[PDB]
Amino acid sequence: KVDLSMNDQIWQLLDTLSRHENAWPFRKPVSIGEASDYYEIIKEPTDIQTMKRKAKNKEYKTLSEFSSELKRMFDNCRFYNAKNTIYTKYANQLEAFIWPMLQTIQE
């Protein structure tokens, strides 16, 4: 009975990811207040709301396009934080948590 296109399956993966308690620093774009130097360092930013918007508008043509962006979200965090802070710990935890679901996405 349940029928979901690739983009809707991507949206639900992102929803699962966002609902994790430690996903909070990735739900929306980084604010100037929290990190005024952020966009001087991260030249290809992304976040859950951006990817959810892309998914809802059925903009992912392939799974690779989304998986590169989702990996980039975790990579950006770890680069900005120089592989340190609580954010690197969350990034590692969440990537390992969501990677099994990423394998199930059907094109």
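Start at 1 and count along the sequence shown; that's the residue number.
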- Note on the structure: The stretch whose C-alpha atoms carry the larger average B-factor in the entry, 31-39 or 61-69, is 31-39
- Task: Output the stretch having the higher mean C-alpha B factor in the entry; the candidates are 2-10 and 98-106.
- Result: 2-10
- Item | Third assignment of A55 from its chain's C-alpha B-factors | highest
- Task: Sort the modelled residues of this chain by their C-alpha B factor and say whether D47 lands in the lowest, middle or highest third.
- Result: middle
- Would you please rank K83 by its C-alpha temperature factor against the other modelled residues of its chain and give the third it falls in: lowest, middle or highest? highest
